[PDB]
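Right, one structure below, let's go through it.
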Amino acid sequence: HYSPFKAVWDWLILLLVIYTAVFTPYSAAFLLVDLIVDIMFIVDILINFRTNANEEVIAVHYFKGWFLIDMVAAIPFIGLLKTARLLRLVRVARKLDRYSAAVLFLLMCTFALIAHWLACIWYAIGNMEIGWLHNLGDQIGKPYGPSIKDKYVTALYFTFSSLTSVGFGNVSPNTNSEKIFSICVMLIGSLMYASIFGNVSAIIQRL
Amino acid sequence: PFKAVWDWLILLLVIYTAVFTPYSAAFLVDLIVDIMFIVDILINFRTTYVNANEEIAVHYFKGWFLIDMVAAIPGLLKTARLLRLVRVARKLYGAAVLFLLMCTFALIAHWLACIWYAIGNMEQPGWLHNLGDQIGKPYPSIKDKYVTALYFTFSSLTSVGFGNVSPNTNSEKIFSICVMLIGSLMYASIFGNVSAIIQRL
Amino acid sequence: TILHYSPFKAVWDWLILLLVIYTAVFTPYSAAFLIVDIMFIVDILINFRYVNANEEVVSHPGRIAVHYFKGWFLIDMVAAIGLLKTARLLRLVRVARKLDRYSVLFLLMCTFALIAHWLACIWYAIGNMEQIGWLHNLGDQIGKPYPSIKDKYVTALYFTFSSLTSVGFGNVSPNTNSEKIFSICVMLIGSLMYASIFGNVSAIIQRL
Amino acid sequence: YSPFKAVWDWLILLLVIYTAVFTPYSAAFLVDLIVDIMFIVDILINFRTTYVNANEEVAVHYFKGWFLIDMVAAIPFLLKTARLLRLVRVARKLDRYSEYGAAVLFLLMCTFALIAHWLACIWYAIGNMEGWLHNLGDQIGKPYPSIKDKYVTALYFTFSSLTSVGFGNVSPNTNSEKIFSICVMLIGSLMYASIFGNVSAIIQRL
Ligand SMILES: [K+]
Ligand SMILES: [K+]
Ligand SMILES: [K+]
């Protein structure tokens with residue numbers, strides 16, 4: 001567990017799991033390359049196979065430590081049922097002494113992630129039917145729809161604003177489902193802002 | 001050990017009271033909790049205590065009685081029920097205190113939501129008439145009129161200001177001065193702990 | 001020969017600070033939109049009849065006047081007297097040399113409020129100085145087109161609080177160059193204030 | 001580090017601030033050789049100046065680590081933007097400025113102001129490439145604006161987005177502006193918090 005190879009390959013699977021977490025929710029939400037991350041995530045299990053509290057040291061371990069989780073994570077087969085891919089996030093779950101100025105990129109990454117997830121949730125809501133998308137259609141010169149890029153960037157925009165507590169006013173919740181989601185995103189924004197943006201301050205302080 | 005379990009049950013119950021009482025008074029099951037909250041008094045009668053050095057009648061007679069029974073009696077006069085809140089005040093984990101603080105915030109948002117509803121209702125010769133026009137019910141069920149109230153209250157309290165709700169009549173504007181004054185205090189008092197305890201967790 | 005730490009001047013000075021608060025709230029409000037003087041002027045001899053640097057409260061009140069002339073007397077003569085009552089704001093400097101005898105939340109709340117007050121008065125002075133803007137647009141929100149004194153003052157206080165606490169409700173939107181630059185200034189001072197004063201609030205809440 | 005420099009260094013600080021303020025503003029929307037002269041005298045003053053060493057005691061120095069930048073900036077040759085390189089000069093001296101907190105506060109406020117300025121220039125570039133200028137031309141009664149407006153409203157919106165107020169008169173409404181606003185909200189989320197924690201701390205030092 002102390003090799004000049006384990007480190008580089010672990011950071012490689014880190015980049016690959018960020019790939020997963022950034023491109024499965026978008027894909028599943030908006031419009032619902034990856035075989036290589038499949039191959040690396042199924043090489044990770046065997047890399048555990050080839051690599052005690054009191055002292056130093058493997059196969060039945062995963063049979064009881066973490067396998068069925070990883071099995072339902074990566075297993076081929078409705079196009080919705082791909083959501084279970086997100087289970088791969090657990091790969092960033094149990095290595096947190098060999099992942100942590102890296103914490104700063106991690107914090108920016110997770111903030112952007114939460115913004116992305118809330119953006120796609122917001123898109124699902126606004127597409128489950130006065131709302132917001134009938135409005136975004138009218139703001140820009142696209143009345144009726146808009147291109148997928150316009151929708152995604154406006155969703156990420158509104159989510160990022162109402163998270164950072166600005167509220168530009170071009171995008172405004174106007175239906176009880178939207179308003180309840182807004183109360184929830186404002187709760188999450190209060191909590192996450194208060195925690196992580198004092199966190200970043202303390203990080204830059206100790207440096 | 002059962003005293004502690006029972007106290008937590010009654011804490012759930014008093015949160016129930018504080019959540020569903022002001023809503024009932026302003027915008028508008030009861031007996032099952034009122035029986036528990038009146039036998040609360042008999043429980044206080046049997047309940048023990050420790051003295052300063054020497055480790056019940058005069059005890060509760062002087063602790064809180066002229067404020068318990070006034071609310072513990074089976075219309076607006078019912079509002080005095082809110083005094084049950086002090087029940088938690090006497091009887092005070094991270095995963096518990098954080099939930100507590102989030103509950104204070106949600107409760108404050110609720111109280112201010114119903115005050116705002118009262119204020120917007122005292123004038124029908126504003127924001128209410130300036131609400132039913134966004135939503136396609138021009139003139140509004142209690143679901144809407146409550147949810148936009150909580151929406152605006154959370155907006156102003158978290159300092160977002162979305163731009164649908166806008167105080168537009170002097171009483172509303174004074175209410176806004178007040179909520180922003182306390183809200184600036186809340187964000188600078190409440191989130192003075194969510195961003196302060198985390199070193200412990 | 002009267003002293004400073006007397007239980008008499010304590011209450012009287014709390015009353016005169018209530019009075020200087022009275023002024024600071026009522027002199028800008030007066031020009032922007034009799035006993036109040038005898039107390040402040042009598043304070044000249046109340047302070048006449050102190051403590052030296054490395055000495056006690058020295059008696060023989062003839063060693064008092066020169067010390068006073070050293071400490072604080074000059075602009076106080078303009079204080080104890082067109083828009084010349086603007087000079088009454090110099091009464092505020094009295095709490096300057098007296099602020100040490102107070103120590104706390106209430107001072108902070110009051111100063112946030114009265115800073116908002118001064119800025120409301122300046123915002124009104126700007127909106128009225130140019131005769132499309134903001135005050136010639138408020139008349140369309142309410143049903144007063146072309147507005148009382150109460151209405152204008154309360155909207156100005158509303159907008160000043162909105163900008164100082166970073167809400168921005170959207171019905172007060174600076175729309176001419178003077179207003180925009182004043183808004184740059186208020187947002188800078190707000191980024192200063194909401195930071196400083198409210199870190200102070202956090203610390204005070206910590207102490208208790 | 002002479003007393004002559006113990007004043008002329010703050011003088012060249014004012015000069016580099018002048019440049020950082022008037023070079024982007026000149027390149028964006030649209031006395032000079034005078035400041036080029038001071039810039040070219042500084043390097044010679046450094047030539048006859050001193051240099052230090054860790055275990056030892058205090059012309060090729062300019063050849064050592066800081067050579068082509070001071071050169072490429074001190075030439076009166078969208079192009080003159082090169083001058084902005086001069087900025088690095090302040091980095092070369094912060095070991096002596098920050099001794100005065102009463103000065104570092106002014107430094108931080110000027111940092112915030114400068115960032116607001118550069119972002120105002122970027123915002124104007126984005127709006128002027130091909131919007132929000134059409135949305136400005138209608139509030140101010142000048143439909144189609146004098147550069148005074150187009151600049152001060154841009155600085156206004158930039159201070160808004162960076163201070164998290166969002167007055168809602170001007171608002172991003174075309175994908176490029178939206179992405180710029182994402183970036184400005186993020187850079188604000190960084191700098192606001194960090195620099196104003198710094199403000200709280202330094203103002204607390206009294
Ligand atoms: K804000
Ligand atoms: K706003
Ligand atoms: K805002």
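Chains: A, B, ... in order of the structure tokens. Residues: from 1 per chain. Ligands: from 1, in order shown.
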Would you list which chain A residues are within 9 Å of chain B using only C-alpha atoms, as a PDB file with N, CA, C and O atoms, in the first residue's frame?
ATOM      1  N   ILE A 130     -45.759  29.410 -16.496  1.00  0.00           N
ATOM      2  CA  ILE A 130     -46.147  29.026 -15.148  1.00  0.00           C
ATOM      3  C   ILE A 130     -44.952  28.468 -14.402  1.00  0.00           C
ATOM      4  O   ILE A 130     -44.764  28.761 -13.224  1.00  0.00           O
ATOM      5  N   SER A 162     -28.764  30.894  -6.667  1.00  0.00           N
ATOM      6  CA  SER A 162     -29.522  30.676  -5.444  1.00  0.00           C
ATOM      7  C   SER A 162     -28.751  29.873  -4.415  1.00  0.00           C
ATOM      8  O   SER A 162     -29.145  29.852  -3.252  1.00  0.00           O
ATOM      9  N   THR A 164     -25.260  30.481  -4.012  1.00  0.00           N
ATOM     10  CA  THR A 164     -24.339  31.493  -3.519  1.00  0.00           C
ATOM     11  C   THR A 164     -25.046  32.682  -2.889  1.00  0.00           C
ATOM     12  O   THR A 164     -24.372  33.568  -2.359  1.00  0.00           O
ATOM     13  N   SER A 165     -26.377  32.703  -2.912  1.00  0.00           N
ATOM     14  CA  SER A 165     -27.178  33.759  -2.310  1.00  0.00           C
ATOM     15  C   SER A 165     -27.007  35.073  -3.058  1.00  0.00           C
ATOM     16  O   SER A 165     -26.584  36.074  -2.497  1.00  0.00           O
ATOM     17  N   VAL A 166     -27.345  35.054  -4.341  1.00  0.00           N
ATOM     18  CA  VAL A 166     -27.399  36.286  -5.116  1.00  0.00           C
ATOM     19  C   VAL A 166     -28.823  36.535  -5.585  1.00  0.00           C
ATOM     20  O   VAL A 166     -29.443  37.535  -5.214  1.00  0.00           O
ATOM     21  N   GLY A 167     -29.366  35.632  -6.380  1.00  0.00           N
ATOM     22  CA  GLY A 167     -30.725  35.807  -6.831  1.00  0.00           C
ATOM     23  C   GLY A 167     -30.863  36.895  -7.863  1.00  0.00           C
ATOM     24  O   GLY A 167     -31.416  37.957  -7.589  1.00  0.00           O
ATOM     25  N   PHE A 168     -30.355  36.632  -9.061  1.00  0.00           N
ATOM     26  CA  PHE A 168     -30.321  37.644 -10.107  1.00  0.00           C
ATOM     27  C   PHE A 168     -31.700  38.062 -10.576  1.00  0.00           C
ATOM     28  O   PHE A 168     -31.827  39.094 -11.235  1.00  0.00           O
ATOM     29  N   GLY A 169     -32.730  37.291 -10.282  1.00  0.00           N
ATOM     30  CA  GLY A 169     -34.063  37.701 -10.628  1.00  0.00           C
ATOM     31  C   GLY A 169     -34.504  37.404 -12.042  1.00  0.00           C
ATOM     32  O   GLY A 169     -35.689  37.577 -12.346  1.00  0.00           O
ATOM     33  N   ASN A 170     -33.613  36.977 -12.933  1.00  0.00           N
ATOM     34  CA  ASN A 170     -34.103  36.561 -14.240  1.00  0.00           C
ATOM     35  C   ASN A 170     -34.767  35.198 -14.179  1.00  0.00           C
ATOM     36  O   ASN A 170     -35.566  34.872 -15.060  1.00  0.00           O
ATOM     37  N   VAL A 171     -34.465  34.407 -13.154  1.00  0.00           N
ATOM     38  CA  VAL A 171     -35.024  33.075 -12.964  1.00  0.00           C
ATOM     39  C   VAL A 171     -35.709  33.051 -11.605  1.00  0.00           C
ATOM     40  O   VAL A 171     -35.083  33.347 -10.580  1.00  0.00           O
ATOM     41  N   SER A 172     -36.998  32.711 -11.594  1.00  0.00           N
ATOM     42  CA  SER A 172     -37.782  32.837 -10.382  1.00  0.00           C
ATOM     43  C   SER A 172     -38.757  31.677 -10.221  1.00  0.00           C
ATOM     44  O   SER A 172     -39.570  31.426 -11.127  1.00  0.00           O
ATOM     45  N   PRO A 173     -38.701  30.959  -9.105  1.00  0.00           N
ATOM     46  CA  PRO A 173     -39.651  29.873  -8.878  1.00  0.00           C
ATOM     47  C   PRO A 173     -41.080  30.383  -8.794  1.00  0.00           C
ATOM     48  O   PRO A 173     -41.358  31.393  -8.153  1.00  0.00           O
ATOM     49  N   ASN A 174     -41.995  29.675  -9.460  1.00  0.00           N
ATOM     50  CA  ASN A 174     -43.370  30.147  -9.567  1.00  0.00           C
ATOM     51  C   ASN A 174     -44.399  29.018  -9.535  1.00  0.00           C
ATOM     52  O   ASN A 174     -45.436  29.111 -10.201  1.00  0.00           O
ATOM     53  N   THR A 175     -44.135  27.939  -8.796  1.00  0.00           N
ATOM     54  CA  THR A 175     -45.094  26.849  -8.652  1.00  0.00           C
ATOM     55  C   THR A 175     -44.685  25.989  -7.469  1.00  0.00           C
ATOM     56  O   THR A 175     -43.496  25.729  -7.279  1.00  0.00           O
ATOM     57  N   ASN A 176     -45.683  25.532  -6.699  1.00  0.00           N
ATOM     58  CA  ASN A 176     -45.452  25.030  -5.342  1.00  0.00           C
ATOM     59  C   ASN A 176     -44.328  24.008  -5.274  1.00  0.00           C
ATOM     60  O   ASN A 176     -43.540  24.012  -4.323  1.00  0.00           O
ATOM     61  N   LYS A 179     -41.253  26.026  -5.487  1.00  0.00           N
ATOM     62  CA  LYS A 179     -40.989  26.819  -4.296  1.00  0.00           C
ATOM     63  C   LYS A 179     -40.520  25.945  -3.149  1.00  0.00           C
ATOM     64  O   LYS A 179     -39.674  26.363  -2.353  1.00  0.00           O
ATOM     65  N   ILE A 180     -41.036  24.719  -3.055  1.00  0.00           N
ATOM     66  CA  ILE A 180     -40.553  23.815  -2.020  1.00  0.00           C
ATOM     67  C   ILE A 180     -39.119  23.403  -2.307  1.00  0.00           C
ATOM     68  O   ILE A 180     -38.273  23.369  -1.403  1.00  0.00           O
ATOM     69  N   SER A 182     -37.072  25.244  -3.776  1.00  0.00           N
ATOM     70  CA  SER A 182     -36.288  26.438  -3.509  1.00  0.00           C
ATOM     71  C   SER A 182     -35.993  26.574  -2.031  1.00  0.00           C
ATOM     72  O   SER A 182     -34.873  26.911  -1.647  1.00  0.00           O
ATOM     73  N   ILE A 183     -36.990  26.323  -1.185  1.00  0.00           N
ATOM     74  CA  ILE A 183     -36.744  26.326   0.253  1.00  0.00           C
ATOM     75  C   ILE A 183     -35.678  25.301   0.608  1.00  0.00           C
ATOM     76  O   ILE A 183     -34.790  25.561   1.431  1.00  0.00           O
ATOM     77  N   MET A 186     -32.235  26.429  -0.596  1.00  0.00           N
ATOM     78  CA  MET A 186     -31.756  27.516   0.247  1.00  0.00           C
ATOM     79  C   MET A 186     -31.287  26.991   1.594  1.00  0.00           C
ATOM     80  O   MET A 186     -30.286  27.469   2.132  1.00  0.00           O
ATOM     81  N   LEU A 187     -31.976  25.990   2.141  1.00  0.00           N
ATOM     82  CA  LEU A 187     -31.465  25.325   3.335  1.00  0.00           C
ATOM     83  C   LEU A 187     -30.094  24.712   3.073  1.00  0.00           C
ATOM     84  O   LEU A 187     -29.143  24.921   3.840  1.00  0.00           O
ATOM     85  N   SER A 190     -27.455  27.471   2.668  1.00  0.00           N
ATOM     86  CA  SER A 190     -27.057  27.987   3.969  1.00  0.00           C
ATOM     87  C   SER A 190     -26.074  27.043   4.642  1.00  0.00           C
ATOM     88  O   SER A 190     -24.974  27.448   5.034  1.00  0.00           O
ATOM     89  N   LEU A 191     -26.434  25.764   4.740  1.00  0.00           N
ATOM     90  CA  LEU A 191     -25.575  24.824   5.453  1.00  0.00           C
ATOM     91  C   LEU A 191     -24.212  24.694   4.781  1.00  0.00           C
ATOM     92  O   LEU A 191     -23.167  24.863   5.425  1.00  0.00           O
ATOM     93  N   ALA A 194     -22.107  27.984   4.826  1.00  0.00           N
ATOM     94  CA  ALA A 194     -21.575  28.227   6.159  1.00  0.00           C
ATOM     95  C   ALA A 194     -20.440  27.275   6.498  1.00  0.00           C
ATOM     96  O   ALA A 194     -19.440  27.678   7.103  1.00  0.00           O
ATOM     97  N   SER A 195     -20.563  26.010   6.104  1.00  0.00           N
ATOM     98  CA  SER A 195     -19.529  25.042   6.466  1.00  0.00           C
ATOM     99  C   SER A 195     -18.296  25.193   5.577  1.00  0.00           C
ATOM    100  O   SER A 195     -17.213  25.548   6.050  1.00  0.00           O
ATOM    101  N   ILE A 196     -18.458  24.965   4.273  1.00  0.00           N
ATOM    102  CA  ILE A 196     -17.308  24.837   3.393  1.00  0.00           C
ATOM    103  C   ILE A 196     -16.630  26.166   3.095  1.00  0.00           C
ATOM    104  O   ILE A 196     -15.431  26.171   2.810  1.00  0.00           O
ATOM    105  N   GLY A 198     -16.243  28.648   5.249  1.00  0.00           N
ATOM    106  CA  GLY A 198     -15.381  28.954   6.369  1.00  0.00           C
ATOM    107  C   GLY A 198     -14.265  27.929   6.389  1.00  0.00           C
ATOM    108  O   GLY A 198     -13.146  28.204   6.836  1.00  0.00           O
ATOM    109  N   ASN A 199     -14.571  26.734   5.880  1.00  0.00           N
ATOM    110  CA  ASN A 199     -13.547  25.711   5.730  1.00  0.00           C
ATOM    111  C   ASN A 199     -12.422  26.210   4.841  1.00  0.00           C
ATOM    112  O   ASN A 199     -11.249  26.152   5.219  1.00  0.00           O
TER     113      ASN A 199
END
Proximity of chain A to chain D: per-residue shortest pair, 12 Å limit, only C-alpha atoms, as CSV:
residue,atom,partner,partner_atom,distance
A:104,CA,D:190,CA,10.7
A:107,CA,D:190,CA,11.2
A:108,CA,D:186,CA,9.1
A:109,CA,D:186,CA,11.8
A:111,CA,D:186,CA,9.9
A:112,CA,D:186,CA,9.5
A:115,CA,D:182,CA,11.0
A:136,CA,D:173,CA,9.4
A:137,CA,D:173,CA,11.3
A:138,CA,D:173,CA,10.7
A:139,CA,D:173,CA,7.1
A:140,CA,D:173,CA,6.6
A:141,CA,D:174,CA,9.4
A:142,CA,D:174,CA,11.3
A:146,CA,D:175,CA,11.6
A:147,CA,D:175,CA,11.0
A:148,CA,D:175,CA,11.8
A:149,CA,D:175,CA,8.6
A:150,CA,D:175,CA,6.7
A:151,CA,D:175,CA,9.8
A:152,CA,D:175,CA,10.2
A:153,CA,D:175,CA,7.2
A:154,CA,D:178,CA,7.4
A:155,CA,D:178,CA,10.4
A:156,CA,D:182,CA,8.3
A:157,CA,D:182,CA,6.3
A:158,CA,D:182,CA,9.4
A:159,CA,D:182,CA,10.0
A:160,CA,D:182,CA,7.1
A:161,CA,D:185,CA,7.4
A:162,CA,D:164,CA,10.3
A:163,CA,D:185,CA,10.1
A:164,CA,D:189,CA,7.2
A:165,CA,D:164,CA,6.5
A:166,CA,D:164,CA,4.8
A:167,CA,D:166,CA,6.3
A:168,CA,D:166,CA,5.2
A:169,CA,D:168,CA,5.7
A:170,CA,D:171,CA,6.7
A:171,CA,D:171,CA,10.1
A:172,CA,D:168,CA,11.8
A:193,CA,D:189,CA,9.1
A:194,CA,D:193,CA,10.4
A:195,CA,D:193,CA,11.9
A:196,CA,D:193,CA,10.6
A:197,CA,D:193,CA,6.8
A:198,CA,D:193,CA,7.5
A:199,CA,D:193,CA,10.1
A:200,CA,D:194,CA,7.8
A:201,CA,D:194,CA,5.5
A:202,CA,D:194,CA,8.9
A:203,CA,D:194,CA,10.0
A:204,CA,D:194,CA,7.8
A:205,CA,D:194,CA,8.8
Residues near stretch 38-49 of chain C, anyone? I mean within 9 Å using only C-alpha atoms, not counting same-chain ones fewer than 5 positions away, as a list in words.
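Final neighbour list, sorted by chain and number: residues 1, 2, 3, 4, 9, 16, 19, 20, 61, 62, 64, 65, 68, 73, 76, 77, 79, 80, 81 and 91 of chain C.
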For the selection you just gave me, I'd like the residues written to a file as a CSV table (one decimal), in the first residue's frame, keeping C-alpha atoms.
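Now in part_9.csv:
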chain,number,residue,atom,x,y,z
C,1,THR,CA,-16.5,71.6,42.8
C,2,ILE,CA,-18.5,68.6,41.4
C,3,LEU,CA,-17.0,65.3,40.3
C,4,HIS,CA,-17.3,62.9,37.4
C,9,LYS,CA,-23.4,62.5,36.4
C,16,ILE,CA,-27.5,63.3,27.6
C,19,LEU,CA,-30.2,63.3,23.9
C,20,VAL,CA,-27.3,63.1,21.5
C,61,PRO,CA,-11.5,74.3,40.5
C,62,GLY,CA,-9.1,76.8,39.1
C,64,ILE,CA,-9.7,72.8,35.8
C,65,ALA,CA,-10.2,75.4,33.0
C,68,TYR,CA,-10.4,71.6,29.7
C,73,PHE,CA,-13.4,72.8,24.1
C,76,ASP,CA,-17.6,72.4,21.3
C,77,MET,CA,-18.3,76.1,21.1
C,79,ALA,CA,-21.6,72.7,19.2
C,80,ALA,CA,-23.1,74.7,22.0
C,81,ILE,CA,-24.8,77.1,19.6
C,91,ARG,CA,-22.5,67.1,19.8
How far is it from atom CA of residue D:16 to atom CA of residue C:185, in Å with one decimal?
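Rounded to one decimal, the two atoms are 24.3 Å apart.
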Env of residue C:98: 10 Å cut, atoms = only C-alpha atoms, seq-sep filter 4 positions within chain, self excluded. Answer as a PyMOL selection string.
chain C and resi 13+17+93-94+102
Take the residues that were just selected and, keeping N, CA, C and O atoms, output them as an mmCIF file, in the first residue's frame.
data_model
loop_
_atom_site.group_PDB
_atom_site.id
_atom_site.type_symbol
_atom_site.label_atom_id
_atom_site.label_comp_id
_atom_site.auth_asym_id
_atom_site.auth_seq_id
_atom_site.Cartn_x
_atom_site.Cartn_y
_atom_site.Cartn_z
ATOM 1 N N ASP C 13 -25.468 61.720 32.353
ATOM 2 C CA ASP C 13 -24.735 61.479 31.123
ATOM 3 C C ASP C 13 -25.410 60.413 30.282
ATOM 4 O O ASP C 13 -25.410 60.502 29.054
ATOM 5 N N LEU C 17 -26.664 61.208 26.614
ATOM 6 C CA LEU C 17 -26.386 60.383 25.447
ATOM 7 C C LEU C 17 -27.686 59.982 24.776
ATOM 8 O O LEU C 17 -27.746 59.885 23.551
ATOM 9 N N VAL C 93 -19.455 64.238 18.971
ATOM 10 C CA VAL C 93 -18.091 64.067 19.440
ATOM 11 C C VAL C 93 -18.040 63.963 20.957
ATOM 12 O O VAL C 93 -17.060 63.454 21.511
ATOM 13 N N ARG C 94 -19.086 64.423 21.647
ATOM 14 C CA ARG C 94 -19.136 64.264 23.096
ATOM 15 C C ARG C 94 -19.091 62.795 23.487
ATOM 16 O O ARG C 94 -18.416 62.425 24.453
ATOM 17 N N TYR C 102 -18.808 53.234 29.049
ATOM 18 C CA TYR C 102 -20.021 52.473 28.774
ATOM 19 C C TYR C 102 -19.859 50.987 29.049
ATOM 20 O O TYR C 102 -20.731 50.380 29.682
#
Determine which residues of chain C sit within 10 Å of chain D, taking into account only C-alpha atoms, and present them as a ChimeraX atom specification.
/C:132-133,162-177,180-181,183-184,187-188,190-193,195-200
The selected residues should be written to file as a CSV table (one decimal), in the first residue's frame (atoms: N, CA and C atoms).
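Heads up, here's the output in part23.csv:
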chain,number,residue,atom,x,y,z
C,132,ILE,N,-37.5,57.6,-14.0
C,132,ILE,CA,-36.3,58.2,-14.5
C,132,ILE,C,-35.2,58.2,-13.5
C,133,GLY,N,-35.5,58.3,-12.2
C,133,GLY,CA,-34.6,58.2,-11.1
C,133,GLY,C,-35.1,57.1,-10.2
C,162,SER,N,-31.9,47.2,2.7
C,162,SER,CA,-31.7,46.2,1.7
C,162,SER,C,-30.3,46.2,1.1
C,163,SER,N,-29.7,47.3,0.8
C,163,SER,CA,-28.4,47.3,0.3
C,163,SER,C,-27.3,47.0,1.3
C,164,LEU,N,-27.6,47.5,2.6
C,164,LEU,CA,-26.5,47.2,3.6
C,164,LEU,C,-26.5,45.8,4.0
C,165,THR,N,-27.6,45.1,4.0
C,165,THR,CA,-27.6,43.7,4.4
C,165,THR,C,-27.6,42.7,3.2
C,166,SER,N,-27.4,43.2,2.0
C,166,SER,CA,-27.2,42.4,0.8
C,166,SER,C,-28.4,41.5,0.5
C,167,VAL,N,-29.6,42.1,0.4
C,167,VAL,CA,-30.8,41.5,-0.1
C,167,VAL,C,-31.2,41.9,-1.5
C,168,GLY,N,-31.4,43.2,-1.7
C,168,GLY,CA,-31.7,43.7,-3.0
C,168,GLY,C,-33.1,43.3,-3.5
C,169,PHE,N,-34.1,43.8,-2.9
C,169,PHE,CA,-35.5,43.3,-3.2
C,169,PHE,C,-35.9,43.5,-4.6
C,170,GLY,N,-35.4,44.5,-5.3
C,170,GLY,CA,-35.8,44.7,-6.7
C,170,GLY,C,-36.7,45.9,-6.9
C,171,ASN,N,-37.3,46.5,-5.9
C,171,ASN,CA,-38.2,47.6,-6.2
C,171,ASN,C,-37.4,48.9,-5.9
C,172,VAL,N,-36.2,48.9,-5.3
C,172,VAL,CA,-35.3,50.0,-5.3
C,172,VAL,C,-34.1,49.6,-6.1
C,173,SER,N,-34.0,50.2,-7.3
C,173,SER,CA,-32.9,49.8,-8.2
C,173,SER,C,-32.3,51.1,-8.7
C,174,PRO,N,-31.1,51.5,-8.3
C,174,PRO,CA,-30.5,52.7,-8.8
C,174,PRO,C,-30.4,52.8,-10.3
C,175,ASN,N,-30.9,53.9,-10.9
C,175,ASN,CA,-31.0,54.0,-12.3
C,175,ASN,C,-30.5,55.3,-12.9
C,176,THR,N,-29.8,56.1,-12.2
C,176,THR,CA,-29.0,57.2,-12.8
C,176,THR,C,-27.6,57.3,-12.2
C,177,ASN,N,-26.7,57.9,-12.9
C,177,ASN,CA,-25.3,57.8,-12.6
C,177,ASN,C,-25.0,58.2,-11.2
C,180,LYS,N,-26.0,55.3,-9.0
C,180,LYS,CA,-25.2,54.1,-9.2
C,180,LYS,C,-23.9,54.3,-8.5
C,181,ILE,N,-23.3,55.5,-8.5
C,181,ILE,CA,-22.0,55.6,-7.8
C,181,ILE,C,-22.3,55.6,-6.3
C,183,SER,N,-24.4,53.9,-5.0
C,183,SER,CA,-24.6,52.5,-4.7
C,183,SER,C,-23.3,51.7,-4.6
C,184,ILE,N,-22.4,52.1,-5.4
C,184,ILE,CA,-21.0,51.5,-5.3
C,184,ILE,C,-20.5,51.8,-3.9
C,187,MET,N,-22.4,49.8,-1.2
C,187,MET,CA,-22.1,48.4,-1.2
C,187,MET,C,-20.7,48.1,-0.7
C,188,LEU,N,-19.7,49.0,-1.0
C,188,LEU,CA,-18.4,48.9,-0.3
C,188,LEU,C,-18.5,49.0,1.2
C,190,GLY,N,-21.0,48.5,3.0
C,190,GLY,CA,-21.7,47.3,3.5
C,190,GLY,C,-20.9,46.1,3.6
C,191,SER,N,-20.1,45.8,2.5
C,191,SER,CA,-19.1,44.8,2.6
C,191,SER,C,-18.1,45.0,3.8
C,192,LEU,N,-17.9,46.3,4.1
C,192,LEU,CA,-17.1,46.5,5.3
C,192,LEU,C,-17.9,46.3,6.6
C,193,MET,N,-19.1,46.7,6.7
C,193,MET,CA,-19.9,46.8,7.9
C,193,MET,C,-20.4,45.4,8.2
C,195,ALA,N,-19.3,42.7,7.5
C,195,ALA,CA,-18.2,41.9,8.0
C,195,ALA,C,-17.8,42.3,9.4
C,196,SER,N,-17.5,43.6,9.6
C,196,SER,CA,-16.9,44.0,10.9
C,196,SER,C,-17.9,43.8,12.0
C,197,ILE,N,-19.0,44.6,11.9
C,197,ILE,CA,-20.0,44.6,13.0
C,197,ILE,C,-20.5,43.2,13.3
C,198,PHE,N,-20.7,42.3,12.3
C,198,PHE,CA,-21.3,41.1,12.5
C,198,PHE,C,-20.3,40.0,12.9
C,199,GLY,N,-19.1,40.1,12.6
C,199,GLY,CA,-18.1,39.4,13.4
C,199,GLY,C,-18.1,39.8,14.8
C,200,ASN,N,-18.3,41.1,15.1
C,200,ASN,CA,-18.4,41.5,16.5
C,200,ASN,C,-19.6,40.9,17.2
